[PDB]
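Enquirer: So the first sequence is residues 1 to 678, 683 to 844, 848 to 894, counted in the deposited numbering. Ideal Cβ placement from N, Cα and C applies to all residues, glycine included. Please see the structure below; I have some questions.
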Amino acid sequence: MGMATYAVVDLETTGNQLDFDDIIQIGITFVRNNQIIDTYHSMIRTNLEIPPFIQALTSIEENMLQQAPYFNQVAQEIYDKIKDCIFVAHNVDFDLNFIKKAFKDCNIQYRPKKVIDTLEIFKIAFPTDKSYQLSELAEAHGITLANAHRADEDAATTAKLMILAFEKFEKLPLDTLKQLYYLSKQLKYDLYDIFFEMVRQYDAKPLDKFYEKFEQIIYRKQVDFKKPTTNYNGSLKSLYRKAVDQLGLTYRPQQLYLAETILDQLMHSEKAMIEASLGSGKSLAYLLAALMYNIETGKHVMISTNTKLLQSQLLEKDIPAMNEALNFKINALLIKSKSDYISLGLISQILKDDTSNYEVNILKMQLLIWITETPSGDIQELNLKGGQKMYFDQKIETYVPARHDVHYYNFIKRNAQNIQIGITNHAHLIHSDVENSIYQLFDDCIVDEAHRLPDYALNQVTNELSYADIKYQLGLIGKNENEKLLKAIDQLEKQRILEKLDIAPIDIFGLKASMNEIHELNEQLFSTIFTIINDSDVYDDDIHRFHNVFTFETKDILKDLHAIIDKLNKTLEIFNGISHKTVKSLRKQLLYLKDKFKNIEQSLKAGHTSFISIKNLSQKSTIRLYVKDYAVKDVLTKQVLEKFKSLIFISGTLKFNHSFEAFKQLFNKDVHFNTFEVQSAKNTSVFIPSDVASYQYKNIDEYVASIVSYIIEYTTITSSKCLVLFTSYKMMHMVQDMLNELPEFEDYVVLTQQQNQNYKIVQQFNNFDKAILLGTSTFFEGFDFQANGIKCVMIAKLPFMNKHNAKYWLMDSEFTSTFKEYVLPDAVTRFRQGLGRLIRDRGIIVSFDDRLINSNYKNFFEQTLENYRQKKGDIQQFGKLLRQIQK
DNA sequence: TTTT
DNA sequence: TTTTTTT
Ligand SMILES: [Ca+2]
Ligand SMILES: [Ca+2]
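This is how it looks when you write it as structure tokens:
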């Protein structure tokens, strides 16, 4: 047969309604033998009003169209070009249907022989990609998009990206044969005949790169590390000097001093705390301090970071830089927890043919291909979202490992005699021994940005009951004889009555009813929970808010748990002679559900500090009930302090009232803790406006008005970039709209706080030299800032946490004076992290909150300004000063 | 999510 | 013995 031809089709349209919209541009790229042979592109004219939204999107305007044909002209042309091809397009559903109707209105019956959806092929072939949006996908794969949203290019990109995947689908038939039989259950589009054609026209050859077929799974043999080559007999200084010289960096005394500090504390197995608040130097500091510790003693150093950008700059920027200083080739490994690695027990998921969620079938195909690639086996690097992550998190939670399972976690175990630098995240470090065993693998660790460590303790200390999780679990049992487990039990009982299996009698009808009675006892619970949620503080905010409610009795909820737990055990007792796999897995499922409820009931029967949560007031389908099963002070000490010989704490903000006591208090027994600490100060200037009235939310409008007035004053005196740290949503949007209205900020682009691609806002902010400013919320720490000229930071108010903050809710039981011991030291450290970032060039700071001057605790706040120059007065003294700095 |  | 909504 003539090799099939592929029509990769793209349509720009006026809308999404199949019956109410027209094609306004069709681009086609044709493909055969993994190669482009022809392309088709013709703007299509529509007598409809193209709404402005499609114009900013498609770059297409109405005046362009009046010279393009209507669709019925080219209609016979297009059909005659695509009639005998295979139809291909991203979200083919949307594409094919539109061109199917447009052909119908020209008396043309398009019934294509074979349909292909690249969204499926891309999900399988590129399973580690963060998004499958055709634009960003093309960017992650060295594909140049000359222009975005054009169909003649969206059709080429979608065709090129196809040709990669088709060439990537060229490995081993034992694996390709897996995907043929898995492709069938795709139950979406005709793709099997593609693999069926690569099986026929296949060329057999072994490959040693990929390892043996563990069971049936084929994978890539992780490559271990070897003995490190570190020949250096100098001192830490001579290394530093050479290093700073070789990299073309500037010598810094305190940095290298810091470096000698860290080595000294390790060699002696000590426990320091180092508030540095330095610049980029800290990154190289650790590296050389840890690199030295190994050359001298041969021990290993874990580096637990807070974020990824910190972990990366030191992993892939400052490591190949350091490895030019010599033939160093040091070893750094991103050591995560044990659960976050693959056990190659996915053969069990593979054996789960009953899986019909489709999304999982893709995961089955994703895992099969990801596993011949990943050098680490880190699950998260396979970005997992929605249902997929929920099933895979569910299977991994109850996985009963086998005697000889090839687990990717054990690569860390058998190879940390050779990683001089191991790097982690604080959230992994504090997991339980069974969850995370790094204390048994690394004896020496340096926690970075350690003031956020108790905040990470707060999420590993609470357990949760999720309406969503319970709903999914019930879903995996079924409520009728046509649903997963219940459907299988049917075949079992059927096979007792028909195939005569040695199974005992099973009341499938009773179980089905029994299972429906469970479904109602659950809803009944989330109603008693829900109504006291609807009967509480209602916050009306465009951003969906987490209305965490804290006041409630726990008797009626405890009576609905005792009801639902007792019936689960009764449904289990129908099955005691459980020798069959299906009825075994069914019991394991029903049993795990019983433990989720039993654990919360066991936490609420006792009286553990407990609270409810919800995500939407209208959607009762997102209720979550939380309980405090452990104590943070306990979690920190045992999982970290007690289980580490040399533990060096270092952060930009670790000192309160000049006393680390406000940090060591959580470490009970307060075992001896060595203390430590280490131009910009005077290059900076603070201004406390006096005209500003006090913070009164009752009347938040004249406060934001005084803020825009200063933003007005600054922006007109000197157009350097600005930064207004905000702690409130209402207030941040109030000034962001008040900025966009006044014409003084014409030629000025304001940026709000958006979680999606938040980093992008920073990119655009630097993209301009003097036309940018931005309000934000609790984002002080991460941000760095650079420009030409003056530098301003405006803090709206002292960053206190309300008594309605769950962080406070979970911590109140754990402190005597929850204000003096916790929320005040947190407010200060957060406050002094906006400041720390500003100082660098010269700059100023503006603190609008007058609590800093006329409050009893003002002392602790003005302590963070001892090295600056404070001043107070009108917006007039602010103007003169703003001119004074330029002088 | 992922296509206008 | 002092305080208001993100990450
Ligand atoms: Ca399309
Ligand atoms: Ca397009």
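#1: Here's the rule: buried if 16 or more other CB atoms are within 10 angstroms of the residue's CB, otherwise exposed. What is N668?
#2: Taking the alpha-carbon of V447 as reference, which of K628, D469, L647, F550 has the nearest alpha-carbon?
#3: Out of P173, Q186, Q222, state which residue places its alpha-carbon closest to the alpha-carbon of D203.
#4: When you get a sec, list the residues whose CB is within less than 6 Å of any heavy atom of ligand 2, chain order please.
#5: Hey, would you say the C-beta of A89 is under 7 Å away from at least one heavy atom of ligand 1?
#6: Among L11, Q133, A165, which one has its Cα closest to the Cα of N33?
#7: Let's test the definition: count the other Cβ atoms within 10 Å of the Cβ of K555 and tell me whether it reaches 16, buried, or not, exposed.
#8: Per DSSP, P401 forms a beta bridge with which residues?
#9: Let me know the secondary structure DSSP gives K664 once reduced to three states.
#10: Using the rule of at least 16 other Cβ atoms within 10 Å of the residue's Cβ for burial, across every protein chain shown, is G652 buried or exposed?
#11: Does the region 567 to 574 come close enough to the region 479 to 487 that 3 or more CB-CB pairs lie under 8 Å?
#12: To which residues of the same chain is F103 closer than 7 Å at the C-beta, ignoring the five residues directly before and after it?
#13: With DSSP collapsed to three states, give me the class of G880.
#14: Please name the residue in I692, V583, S527, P112 whose C-alpha comes closest to that of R858.
#15: Between the Cα of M815 and the Cα atoms of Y456, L368, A685, which residue gives the shortest distance?
#16: Does the Cβ-Cβ distance between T229 and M162 come in under 8 Å?
#17: Can you tell me where the alpha helix (DSSP H) with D175 in it begins and where it stops?
#18: Check the DSSP bridge columns for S304 and list the partner residues they point to.
#19: Below 8 Å between beta carbons: does that hold for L777 and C726?
#20: Give every residue of the same chain whose Cβ lies closer than 8 Å to the Cβ of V712, excluding the five residues on either side of it in the sequence, and list them in chain order.
#21: Runs of 4 residues minimum, wholly inside the region 530 to 604: which ones carry the alpha helix (DSSP H) assignment?
#22: If you compare alpha carbons, which of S432, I438, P505 is closest to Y409?
#23: Assess contact between the region 526 to 542 and the region 611 to 630, defined as three or more Cβ pairs (one per stretch) separated by less than 8 Å. Is contact present?
#24: Would you mind stating whether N425 and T582 have Cβ atoms separated by less than 8 Å?
#25: Within 10 angstroms of its Cβ, does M1 collect 16 or more other Cβ (buried), or is it exposed?
#26: Does the pairing of the region 727 to 735 with the region 789 to 804 give three or more beta-carbon distances under 8 Å?
#27: Let me check understanding here. Comparing Cα to Cα, which of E120, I274, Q17 lies closest to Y358?
#28: Applying the 10 Å Cβ sphere with the 16-neighbour rule, what's the burial state of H90?
#29: Let's test the definition: count the other Cβ atoms within 10 Å of the Cβ of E275 and tell me whether it reaches 16, buried, or not, exposed.
#30: How about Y875 and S689: do their beta carbons lie closer than 8 Å?
#31: What would DSSP say about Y630, mapped onto helix, strand or coil?
#32: Expressed to the nearest angstrom, what Euclidean distance is found between the alpha-carbon atoms of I50 and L315?
#33: Is it the case that the Cβ atoms of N361 and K185 are separated by a distance below 8 Å?
#34: Can you tell me where the alpha helix (DSSP H) holding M3 begins and where it ends?
#35: Where do the ends of the beta strand (DSSP E) carrying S466 lie?
Expert: For this structure:
#1: Counting from one through the first sequence, the residue named residue 668 turns up at place 668. Classification of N668: exposed, given that the 10 Å Cβ count is below 16.
#2: For the purposes of this step, residue 447 is taken as the residue at position 447 of the first sequence. Comparing Cα-Cα distances from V447 to each of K628, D469, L647, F550, the minimum goes to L647.
#3: As a working mapping, residue 203 is identified with position 203 in the first sequence. Taking only the C-alpha atoms, the option nearest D203 is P173.
#4: Output, sorted by chain position: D10, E12, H149, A151, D154.
#5: Taking the first sequence and counting its residues from 1, one reaches residue 89 at position 89. Yes, the Cβ of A89 comes within 7 Å of a heavy atom of ligand 1.
#6: Numbered from its first residue, the first sequence carries residue 33 at position 33. When the alpha-carbon of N33 is set against those of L11, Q133, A165, the nearest one is in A165.
#7: Here residue 555 is taken as the residue at index 555 of the first sequence, counted from 1. Result: exposed.
#8: Taking the first sequence and counting its residues from 1, one reaches residue 401 at position 401. As far as DSSP is concerned, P401 takes part in no beta bridge.
#9: Position 664 of the first sequence holds residue 664. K664 falls in the helix class under three-state DSSP.
#10: By one-based count along the first sequence, residue 652 stands at place 652. Buried.
#11: Cβ pair count under 8 Å is below three, so no.
#12: Counting from one through the first sequence, the residue named residue 103 turns up at place 103. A75, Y79, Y110, listed in sequence order.
#13: Counted from its first residue, the first sequence places residue 880 at position 873. DSSP places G880 in the strand class (E or B) of the three-state scheme.
#14: Counting from one through the first sequence, the residue named residue 858 turns up at place 851. Of the listed residues, the one whose Cα sits closest to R858 is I692.
#15: Here residue 815 corresponds to residue number 811 of the first sequence, with the count starting at 1. When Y456, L368, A685 are compared, the shortest CA-CA separation from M815 is found for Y456.
#16: On the first sequence, position 229 is the one that residue 229 refers to. On the first sequence, position 162 is the one that residue 162 refers to. No, these two residues do not count as a Cβ contact at 8 Å.
#17: Here residue 175 is taken as the residue at index 175 of the first sequence, counted from 1. Boundaries of the alpha helix (DSSP H) harbouring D175: 173 to 184, taken from the DSSP string.
#18: In the first sequence, the residue the question calls residue 304 occupies position 304. In DSSP, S304 forms a bridge with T424, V447.
#19: Indexing the first sequence from 1 puts residue 777 at position 773. Indexing the first sequence from 1 puts residue 726 at position 722. Against a cut-off of 8 Å, the Cβ pair of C726 and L777 comes out as a contact.
#20: Numbered from its first residue, the first sequence carries residue 712 at position 708. Short of 8 Å from the beta carbon of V712, and not among the five residues preceding or following it, lie these beta carbons of its own chain, in chain order: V739, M742, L743, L746.
#21: Whole alpha helix (DSSP H) segments, 4+ residues: 555 to 573.
#22: Along the first sequence, read from residue 1 onward, the residue named residue 409 stands at position 409. That would be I438, whose Cα lies nearest to the Cα of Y409.
#23: Taking one beta carbon from each stretch, the region 526 to 542 and the region 611 to 630 have 3 or more pairs nearer than 8 Å; the two touch.
#24: On the first sequence, residue 425 is found 425 positions in, with the first residue counted as 1. On the first sequence, residue 582 is found 582 positions in, with the first residue counted as 1. No.
#25: The residue you call residue 1 lines up with position 1 of the first sequence. Its Cβ having fewer than 16 others within 10 Å, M1 is exposed.
#26: As far as the Cβ criterion goes, the region 727 to 735 touches the region 789 to 804, which means the pair count is three or higher.
#27: As a working note, residue 358 is residue 358 in the first sequence. Ranking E120, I274, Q17 by Cα distance to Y358 puts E120 first.
#28: Within the first sequence, the letter at position 90 stands for residue 90. Burial state of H90 is buried, judged by a 10 Å Cβ sphere holding 16 or more other Cβ atoms.
#29: Residue 275 sits at position 275 when you count from the first residue of the first sequence. Buried, by the Cβ-count rule.
#30: Locating residue 875 in the first sequence gives position 868, counting from the first residue. Locating residue 689 in the first sequence gives position 685, counting from the first residue. At the C-beta level, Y875 and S689 come within 8 Å of one another.
#31: Within the first sequence, the letter at position 630 stands for residue 630. Here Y630 sits in coil by DSSP.
#32: On the first sequence, position 50 is the one that residue 50 refers to. On the first sequence, position 315 is the one that residue 315 refers to. Taking the straight line joining both Cα atoms gives about 49 Å.
#33: Walking along the first sequence from the start, residue 361 turns up at place 361. Walking along the first sequence from the start, residue 185 turns up at place 185. With contacts defined by Cβ atoms closer than 8 Å, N361 and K185 form a contacting pair.
#34: Mapped onto the first sequence, residue 3 falls at position 3. From DSSP, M3 is part of no alpha helix (DSSP H); its letter is neither H nor E.
#35: On the first sequence, position 466 is the one that residue 466 refers to. 462 to 466 is the span of the beta strand (DSSP E), which, as asked, contains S466.
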